[PDB]
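As structure tokens, the structure follows; a few thoughts come after it.
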Amino acid sequence: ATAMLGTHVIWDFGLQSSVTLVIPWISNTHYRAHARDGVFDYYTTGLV
Amino acid sequence: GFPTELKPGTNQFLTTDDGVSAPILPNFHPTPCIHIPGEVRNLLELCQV
Amino acid sequence: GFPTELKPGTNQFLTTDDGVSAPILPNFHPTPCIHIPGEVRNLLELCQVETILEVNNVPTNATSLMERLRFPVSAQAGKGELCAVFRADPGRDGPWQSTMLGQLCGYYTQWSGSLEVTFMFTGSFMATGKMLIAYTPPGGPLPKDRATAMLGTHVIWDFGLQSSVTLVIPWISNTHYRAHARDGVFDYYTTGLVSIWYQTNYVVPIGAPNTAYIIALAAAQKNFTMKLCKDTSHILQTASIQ
Amino acid sequence: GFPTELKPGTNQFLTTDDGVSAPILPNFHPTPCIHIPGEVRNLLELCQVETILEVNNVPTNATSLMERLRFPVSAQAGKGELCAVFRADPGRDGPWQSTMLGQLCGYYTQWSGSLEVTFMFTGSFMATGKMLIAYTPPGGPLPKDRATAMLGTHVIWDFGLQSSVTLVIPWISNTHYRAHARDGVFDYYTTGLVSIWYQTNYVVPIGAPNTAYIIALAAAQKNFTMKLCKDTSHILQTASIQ
Amino acid sequence: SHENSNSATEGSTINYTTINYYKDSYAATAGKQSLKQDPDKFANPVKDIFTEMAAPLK
Amino acid sequence: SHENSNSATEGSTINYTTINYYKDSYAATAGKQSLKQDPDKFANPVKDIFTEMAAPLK
Amino acid sequence: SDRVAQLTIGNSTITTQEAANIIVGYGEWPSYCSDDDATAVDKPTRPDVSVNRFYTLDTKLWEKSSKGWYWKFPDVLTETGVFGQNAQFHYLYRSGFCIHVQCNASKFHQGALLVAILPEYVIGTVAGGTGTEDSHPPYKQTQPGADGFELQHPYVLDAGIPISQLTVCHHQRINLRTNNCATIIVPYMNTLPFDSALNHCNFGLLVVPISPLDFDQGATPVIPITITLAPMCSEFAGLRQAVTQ
Amino acid sequence: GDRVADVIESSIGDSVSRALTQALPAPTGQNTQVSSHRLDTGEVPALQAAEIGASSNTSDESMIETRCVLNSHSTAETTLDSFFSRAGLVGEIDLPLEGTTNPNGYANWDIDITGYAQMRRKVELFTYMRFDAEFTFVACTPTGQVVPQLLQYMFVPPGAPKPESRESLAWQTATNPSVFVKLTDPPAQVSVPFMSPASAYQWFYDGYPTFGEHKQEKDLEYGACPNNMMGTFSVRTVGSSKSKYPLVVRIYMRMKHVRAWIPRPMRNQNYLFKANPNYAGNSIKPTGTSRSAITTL
Amino acid sequence: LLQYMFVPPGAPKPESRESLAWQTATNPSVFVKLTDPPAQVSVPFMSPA
Amino acid sequence: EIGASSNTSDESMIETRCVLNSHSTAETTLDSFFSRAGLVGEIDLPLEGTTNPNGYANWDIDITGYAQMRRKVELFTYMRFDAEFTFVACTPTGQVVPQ
Ligand SMILES: CCCCCCCCCCCCC/C=C\[C@H](O)[C@H](N)CO
Ligand SMILES: CCCCCCCCCCCCC/C=C\[C@H](O)[C@H](N)CO
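Taken in sequence, the protein lines are chains A, B, C, D, E, F, G, H, I and J. Quick note on the UniProt record's numbering: the first sequence kicks off at 470 and runs consecutively. Quick note on the UniProt record's numbering: the second sequence kicks off at 324 and runs consecutively. Quick note on the UniProt record's numbering: the third sequence kicks off at 324 and runs consecutively. Quick note on the UniProt record's numbering: the fourth sequence kicks off at 324 and runs consecutively. Quick note on the UniProt record's numbering: the fifth sequence kicks off at 12 and runs consecutively. Quick note on the UniProt record's numbering: the sixth sequence kicks off at 12 and runs consecutively. Quick note on the UniProt record's numbering: the seventh sequence kicks off at 79 and runs consecutively. Quick note on the UniProt record's numbering: the eighth sequence kicks off at 566 and runs consecutively. Quick note on the UniProt record's numbering: the ninth sequence kicks off at 715 and runs consecutively. Quick note on the UniProt record's numbering: the tenth sequence kicks off at 616 and runs consecutively.
Listed below in structure tokens is the structure:
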């Protein structure tokens, strides 16, 4: 019920067996560096 | 309040009176007519037989 | 003092009279109208919509009134058996009384034009089969076998991707309009019968259910017309309302 | 003997009937009219005039009925206290019943358009202060504190040379017109609430009076309209007149 | 159309749409008045009018 | 022909043939409506309509 | 070229391979109010992508003996998202909708569902059964939320009206041998150009199995039904504090 | 005022109602054209899909071999002004001498046309209706006998003071419209306008009219549309003393200039209360008639 | 006072004085007093043929 | 203090939209507000009594005898009007007689 609030795609299995979730560019910065545990979690892209 | 005054000949039903009367069914269109043979238009067509 | 004389037809209230009457509020301008969707301009817009026909009007108790909207088809021995039959009279008391055609033709006395029943198969995808849907015009009694019912108008229906077929019951009448049939002198106005016969069979593989159900959907065509408005007869009202 | 037939609607006296009647005096020419000032052509000319709103409708005895036209503002502890609140329903029973809008909208059933309340400060010149005048639209209960009332429409008023401010209660309705609210099913038509909150405080120097009074003045806008004339309800009459 | 002009509105620029079957114009229907207002006669009766966006007491 | 336009059909392209003897148009006769239908509003309310001779689910 | 559909409104997307088509209700596409139909002078806010997107409510289990379920609109979206917060804070509301009902099953499963939209779907009671007690339904049954409420008498739709004539409304079928989705688009239907969302439910969505679900033992018995709906051309006006009901 | 491209290329603020359909003139029924045999592939008009929800577009020129039939049958009797412009009993008021219901020579009747089943079932085919009306009052003794008696029919809009007695003050009808009639004269007859605050009446209101915590006590407000409470109708025997004839007033409402929106399923169960779609639960009648079997008739 | 109801075929015939069909919502009806002139209505051609 | 009313519109106080108002001012006119008949007087002609026991009755014309019609005309101080009187005679019991 909470995850439908983000970006999402509803996928129906059928003849076409594949779907694309285009994780879009939603950042405050123009570029983002590599996330890791600590101060650099500021650069995380999210979850899927 | 248009002024009128009722004359005699009023509230009487004369059977041979030909006047306009009130319809019961609005927007009724009756069944169309076909060609039936034998259309009697005048009863004097039948005295000549 | 304009001379007038009162004719008969006076001091009477005819309910179907369309005349000018006295207003109670002067210089009243009513609230302006917005665009609401669904403007019904003619009631014949509503007879062309496909509503469910209660062919299977056998169950009566309140727990089985939803069994009344769909009739079954099963695996038979391939003799050309009979599935179901129903009269094609909308204003009559029967399956059509569960339609918006059979409730609005109750408010009218004389109807004309063609009908159309639209059957829909709600079985498996792996199931196949064939049915004969025959319209037997008047005079024809209940057909005893399929060999006679193919003489009337009929359609052979093959289950597949398209799950639905239309039997256009056509306009075959001596009259231009026809009134509502009922038992007695007015059976002269009956529209006929519609039967459904197993042409081949209902074939099903292993692991799929051996019985299906069909949903009939009834409507009208663009040539349909009604006439001579009345009061509906096939609904009553026990007293002491409120 | 012109043929006519009498329809229903005959030998009845409808009070709101506008027809031609029989004169009693022939060839009477009435006295010519002079220019008198004040020609009222439309009653909506009179709803746009600012009349006093009896917000402080607490006192009841005859000796204190002039205390009913002005409500006070004093020195508080600066917590954002509540001064006064009053419903914005003119046809309802309350402060607006002391207006020429709330007495003429009693002779009508359905009203539309915006209002405007016009508060005026009758304190000293050396006194300063600020007030928040919030219109809380419907659904909103009585606000418990100022933090919620700033969410509605509001005006922040600074006492000074110009002693008066207008809160234009705007037209926020689902309907085009709205009838008169009252307790029950008709609370669906309520216009809202109007509250007055101390923004900062009422500051006063030495030697000036520590309490002031505010006079509210209520009117209507150019978009105001009324409809469906009736009989006024919020005034009665004990019998034995003369 | 000969008829006496003897109603209590003869002598005004107001337009009326009346029906009468008599010679006496005071018998006529009420009709449709002209929809003209003068709100600034009661609501802004000042000698030197002032603008909305301005301060009234300058 | 001065008369108030205050019926519940003023504001529509529908044509009416009415009789009125008053200034109030809500008093008039019902008249003859315009015989216009819109059957595909209830019977074929689909975005992309499909032909009769075609298969509907292609 | 018709069984496939992609519905992209906002930041959400639905992809389907066994579609029927898209029904536009009463031949009308949702729109915003005009300067003539509107009466409120306050400017309305038009949050164009934050509320105009798909929301997934719950999942209902279709069983052999399932009688039906109904959901009132927009009661379903009063505690869900930015729609259910602009509505708590505003007094007015005006939106269309795009409903989407999912029920996927195999090619060895059979059944049907009638997915109809009934405007102003008032709810009745059995009146004590005998018809002598003047009763009214409770609040959990008239505005039941996103969980829905189960129809106790589906033949009369718990309102005295029949299920057979419901095809005069908007509707689609979900026939498990042809399709598994039903896309209905609904404009704003009311006498008023704007209306309150917390008191007035404009329409009701009815999901009724005409043909019962049947399958053979060994297959998948748990067959859910899932409602997924999007506001469209939403508008809000009249801003005050937050109220739940 | 617009610089970014995500507001120039926006479909925000489109006020026009994009309609797929167009109302075409249909004065007669549709004419049939001539049709011969077809023995082709791909063209298959008998096969539909009702899962689409749309109805069949199948004509009889596609299913059978037909002839030309110039149909000159009119669609003028299925209009709404031909279906609703038919007066029906919406109310009935009784003015007895001795009794308990109305023993003081006056009677108030809250205007609802949802009190007689035969007129309720027609308007409840639609959910929104906008109409001017034409009421007609038919006063008489219970025995059908007509008497020489004068009456006052006052219309009391909402908010106006309701009359509490025969000799009350509201009967002076300075602003409320009133009608005086003798029972020997024809029935009265007045035309009412569309008097709603809204754009149309609505016989079904799915919702509560007030705000507030909805509890068991204040439950009867469910379904009350106050846009529809058009007021109150009142009757008295004009006099200072009691009358000497018992009366019964019958009210007959005819619509004109009708418009309607959003059709509905029509009812099949028996009504029980006013402004209430309740029904009996143990006695749920089916819509039609039963059979012994499906293969027999 | 009297009521003259026209009941077309199929419409429910009234079984009593206080029945339900006399509400004349679609059936045409005529109310008349015996002291007034005779009633008078014009009927159309109403046949299916 | 100037005595004039506010010229403040809602286009100046809040952020507003275009609202083409087509609401009429035709029902607030005086011919729509006063052209509504009301009881200005009431005369009684008893058989036995003291007020009018001789079969005749005089009534000095004043429309300031019933509160519901007085309060409307006393909203203005000068009025110029043609009138339309209507007499509704009956027995006290409401019964109509041949007289
Ligand atoms: C001199 C007496 C005149 C009487 C006029 C009465 C006013 C009638 C107004 C229109 C009535 C329309 C019917 C309205 C709806 C009903 O109340 C229904 N219960 C609505 O659900
Ligand atoms: C055949 C009978 C005809 C009766 C006609 C009566 C004449 C009426 C003249 C106009 C009356 C206007 C009302 C005048 C004012 C009242 O007297 C008030 N008390 C004035 O303060």
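Just so you know, even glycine gets a beta-carbon here, dropped at the ideal spot from N, CA and C.
Rounded to whole angstroms, the gap between the alpha carbons of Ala682 (chain J) and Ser620 (chain J) is 31 Å. In the displayed model, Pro360 (chain C) falls within coil according to three-state DSSP, outside both helix and strand.
A Cβ-Cβ separation of about 7 Å places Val440 (chain C) in contact with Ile492 (chain C) under the 8 Å criterion.
In this structure, the straight-line span from the alpha carbon of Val363 (chain B) to that of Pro355 (chain B) is close to 18 Å.
In the structure shown, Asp659 (chain H) adopts extended strand secondary structure according to DSSP, grouped into three states. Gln767 (chain H) places its beta carbon less than 8 Å from that of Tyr693 (chain H).
When Cβ pairs closer than 8 Å are counted between the two stretches, the segment 516-530 of chain D is seen not to touch the segment 13-27 of chain E, the count staying below three. Judged by the Cβ position, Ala698 (chain H) qualifies as a neighbour of ligand 1 at the 7 Å threshold, a heavy atom of the ligand being closer than this.
Between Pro752 (chain I) and chain C, the shortest Cβ-Cβ separation is below 8 Å. Taking non-hydrogen atoms of ligand 1 into account, the C-beta of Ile564 (chain C) is found less than 7 Å away from none of them. Closest in alpha carbon position to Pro287 (chain G), among G:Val193, G:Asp273, G:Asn89, is G:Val193. Nearest CB-CB separation between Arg632 (chain J) and chain G: below the 8 Å threshold.
At a cut-off of 8 Å between beta-carbon atoms, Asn847 (chain H) makes contact with chain G.
Along the segment 196-221 of chain G, the alpha helix (DSSP H) occurs as fully enclosed runs of 4 or more residues at 217-220, listed in sequence order. For chain F, the residues of the segment 346-376 of chain C that bring a beta carbon within less than 7 Å of one of its beta carbons are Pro346, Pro349, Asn350, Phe351, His352, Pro353, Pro355, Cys356, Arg364, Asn365, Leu367, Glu368, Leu369, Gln371, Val372, in chain order.
The segment 297-315 of chain G makes contact with the segment 153-165 of chain G, as at least three CB pairs between them are under 8 Å. Take the alpha-carbon of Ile629 (chain J) and the one of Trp494 (chain D): they are about 11 Å apart. Listed by position along chain E, the residues whose Cβ is nearer than 8 Å to that of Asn15 (chain F) are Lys43. Contact annotation: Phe272 (chain G) and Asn497 (chain D) have beta-carbon atoms nearer than 8 Å. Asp677 (chain J) has its CB nearer than 7 Å to a heavy atom of ligand 2. In terms of Cα proximity to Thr24 (chain F), the closest of H:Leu589, H:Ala704, H:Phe691 is H:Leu589. With contacts defined as CB atoms closer than 8 Å, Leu388 (chain C) and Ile849 (chain H) qualify as a contacting pair. Sequence-distant Cβ neighbours of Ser761 (chain H) in its own chain, meaning closer than 6 Å and more than five residues away, are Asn792. Our two residues, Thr861 (chain H) and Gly401 (chain C), have alpha carbons roughly 20 Å apart in a direct line. Using a Cβ-Cβ cut-off of 8 Å, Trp480 (chain A) is close to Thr93 of chain G, given in chain order. Beta-bridge partners of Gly174 (chain G) (DSSP): G:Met310.
Between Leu484 (chain C) and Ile375 (chain C), the gap from beta carbon to beta carbon reaches 8 Å or more. Of the other Cβ atoms in all chains shown, fewer than 16 fall within 10 Å of the Cβ of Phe696 (chain J); this residue is therefore exposed.
Identification of chain G residues near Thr422 (chain C) by a Cβ-Cβ cut-off of 8 Å yields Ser242, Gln243, ordered along the chain.
For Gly452 (chain D), there is no enclosing alpha helix (DSSP H); the residue is part of the beta strand (DSSP E) that begins and ends at 451-459. Using a Cβ-Cβ cut-off of 8 Å, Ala641 (chain H) counts as an interface residue toward chain B, since at least one Cβ of chain B sits closer than that to its own. Identification of chain I residues near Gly709 (chain H) by a Cβ-Cβ cut-off of 8 Å yields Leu715, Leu716, ordered along the chain. The alpha-carbon of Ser344 (chain B) is positioned some 6 Å away from that of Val755 (chain I). By the beta-carbon neighbour count (other beta carbons within 10 angstroms, threshold 16), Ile617 (chain H) is buried.
Between the beta-carbon of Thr338 (chain C) and that of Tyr817 (chain H) there is about 7 Å, and that keeps the pair under the 8 Å contact cut. Selection G:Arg318, G:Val204, G:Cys311 evaluated against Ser173 (chain G) yields G:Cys311 as nearest (Cα-Cα).
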